[PDB]
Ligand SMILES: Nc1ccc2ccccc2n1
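Take a look at this one chain, the form deposited without this ligand, written out in structure tokens.
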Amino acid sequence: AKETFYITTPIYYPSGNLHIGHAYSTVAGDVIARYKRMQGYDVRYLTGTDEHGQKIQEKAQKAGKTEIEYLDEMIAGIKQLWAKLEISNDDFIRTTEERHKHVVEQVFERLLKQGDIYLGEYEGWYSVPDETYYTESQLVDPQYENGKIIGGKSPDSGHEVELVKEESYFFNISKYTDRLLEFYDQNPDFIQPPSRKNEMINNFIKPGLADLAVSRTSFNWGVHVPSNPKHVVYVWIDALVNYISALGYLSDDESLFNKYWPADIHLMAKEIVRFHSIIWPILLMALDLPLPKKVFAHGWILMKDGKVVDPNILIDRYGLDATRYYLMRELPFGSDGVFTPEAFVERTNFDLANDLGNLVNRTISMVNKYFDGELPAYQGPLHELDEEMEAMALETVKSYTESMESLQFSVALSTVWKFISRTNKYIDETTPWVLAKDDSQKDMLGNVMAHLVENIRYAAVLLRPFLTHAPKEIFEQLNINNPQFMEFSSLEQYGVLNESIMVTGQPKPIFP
């Protein structure tokens, strides 16, 4: 049948206001999903939210709300954003749903019966704003009193770390140390980019995998341990199983789970890769489940010094295509990006409105002026330049694909704009207005317009994963009504338009 592809975003904390960093994660996963659906995969694209823990409970407590009411309100605004960004997620998984909660209970009960989980006491440091256990030496701005650390802050968030000293269940992750290390030997590509692996092994595995405190006795808000209801399951164990619980794991019908698991990519930001690539594999080893194929960790979007840009405000001012394009263009593979408002409008006005927007405008006007809208049919590479430009178009599809497969979206986008820049330069080289003056050069004039439009069609098809408005408008104004000419397989042979087409007599702007 159709080959499967399962890609996931991380499930986010409904903590206040989403930022372009979480919008990047969701837009990039959508670009993957849309891209894979265009290639003829059976794609499942999952996102969701992380609703349990002390952090969320304190936020709802501070708000003067219940957890569900506070959550329901935050989740409503999160989903408002995804609908506006136009995310093609096949499912949305909330951890407060019983279809999730029952899987967390059964996974915990099972690990207890295996002897993988045992009871004890965690003493040490914890950042509730990070939901992360820390050791003495990991603390930032530590407090020494008679040679002993009695306080500090989190290296991630910079928030004050608090002392934990309570009864807790421990997942024996220490005994999977060599098996996880052997997994990295067999599968060195597991973490993409590979540059993020060695720091993560050096910081988190080398000093010794301490057993992970996987339950909590102090707070109330979370999945309760069924054998011992006073214990509430740790948020990160609770959260991690959303990728399998949403597929119907440990239900009557695991047909969706057998189909889509293991996941092809787990997409995330670089500060939560330790959970998905140490704990998440060790956990699946304990459940005897096949591990993920990739864990793509992307960089941050900095603010000219360090890390309050609202996606909503960008979409309202400059449109969706501008905001979506900017995100994928300005964050490279293995790098962080800077948001500057100057950089944003340059990318919106010069790349979209001018380079692509005015290419379609220049082309359609010349077809209206020189042929009254009747765009001539494609014959062949009749012009001197056509042969290497047609090869350029097929190399653009080739190079783009290689960039899309290795998760280099800014390089694929720069490759496509190289081609759009060429197509604009083709107007300057051919000088169609000089061909229009001669009656014997009508055949060559029509060749240039047909190549102009076929170059645009190539670009619009390649931008369908990235841009959800522009290609669709481009086909309407050009009057390309065949939905097969909007697919990737129509780019295999240049010059698909063999019958003439009546283009629009009222060309309107593609971009706002």
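Note that residue numbering begins at 1 and tracks the sequence as displayed.
Other compared entries: residue 148 unbuilt in at least a third? Per the records, residue 148 goes unmodelled in at least a third of the other entries.
Per the entry, how many residues of the deposited chain go unmodelled between residue 175 and residue 176: none, 1 to 3, 4 to 9, or 10 or more? In the record, the chain runs straight from residue 175 to residue 176 with none unmodelled.
Got a sec? Mean C-alpha B-factor, which is higher, 436-444 or 71-79? Taking the mean C-alpha B-factor of 71-79 and of 436-444, the larger value falls to 436-444.
Look up the CA B-factors in the entry and say which stretch, 348-356 or 142-150, has the higher mean. Mean C-alpha B-factor is greater for 142-150.
What third of its chain, lowest, middle or highest, does the C-alpha temperature factor of residue 275 fall into? It belongs to the lowest third of the chain when residues are ordered by C-alpha B-factor.
How does residue 165 rank on Cα B-factor within its chain, lowest, middle or highest third? Highest third.
When the deposited Cα B-factors of this chain's modelled residues are ordered and cut into thirds, is residue 473 in the lowest, the middle or the highest one? Answer is middle: the recorded C-alpha B-factor places it there.
Going by the entry, which third of its chain does the Cα temperature factor of residue 410 land in? As the PDB entry reports it, the C-alpha B-factor of residue 410 lands in the middle third of its chain.
Could you place residue 211 in the lowest, middle or highest third of its chain by Cα temperature factor, using the values in the record? It belongs to the middle third of the chain when residues are ordered by C-alpha B-factor.
Not pictured, yet referred to below: the form deposited with this ligand bound.
Should the pocket be classed as open or blocked once this ligand, positioned as in the deposited complex, is overlaid via C-alpha superposition of the site (3 or more ligand atoms within 2.4 Å of backbone or C-beta atoms defines blocked)? Judged by the transferred pose of this ligand in the deposited complex, this form is blocked (3 or more ligand atoms within 2.4 Å of backbone or C-beta).
Is residue 471 part of the interface with this ligand in the deposited complex - any heavy atom within 4.5 Å? Flag for residue 471 set to no.
My question is simply whether residue 247 lines the interface with this ligand in the deposited complex - judged by any non-hydrogen atom within 4.5 Å. No, no contact at 4.5 Å.
Is the gap between residue 446 and this ligand in the deposited complex 4.5 Å or less for some heavy atom pair? Result no; residue 446 lies far from this ligand in the deposited complex.
So, residue 494 and this ligand: in the deposited complex, are they within 4.5 Å at any heavy atom pair? No, residue 494 sits far enough from this ligand in the deposited complex that none of its heavy atoms falls within 4.5 Å.
Exactly one stretch in 44-52, 460-468, 474-482, 65-73 has heavy atoms within 4.5 Å of this ligand in the deposited complex; which is it? Checking each option against the 4.5 Å cut-off leaves 44-52.
So this ligand isn't shown here. In the deposited complex, which residue out of 413, 103, 235, 278 has a non-hydrogen atom within 4.5 Å of it? Spelling it out, the residue with a heavy atom inside the cut-off is 235.
Quick one: from 170, 92, 219, 134, grab the residue that has a heavy atom within 4.5 Å of this ligand in the deposited complex. Partner contact (heavy atom, 4.5 Å) among the options: 219.
Going by the rigid parts that rotate relative to each other between this form and the one not shown, point to the one of 373, 274, 124, 184 at the hinge. Among the listed options, 124 lies at the hinge between this form and the one not shown.
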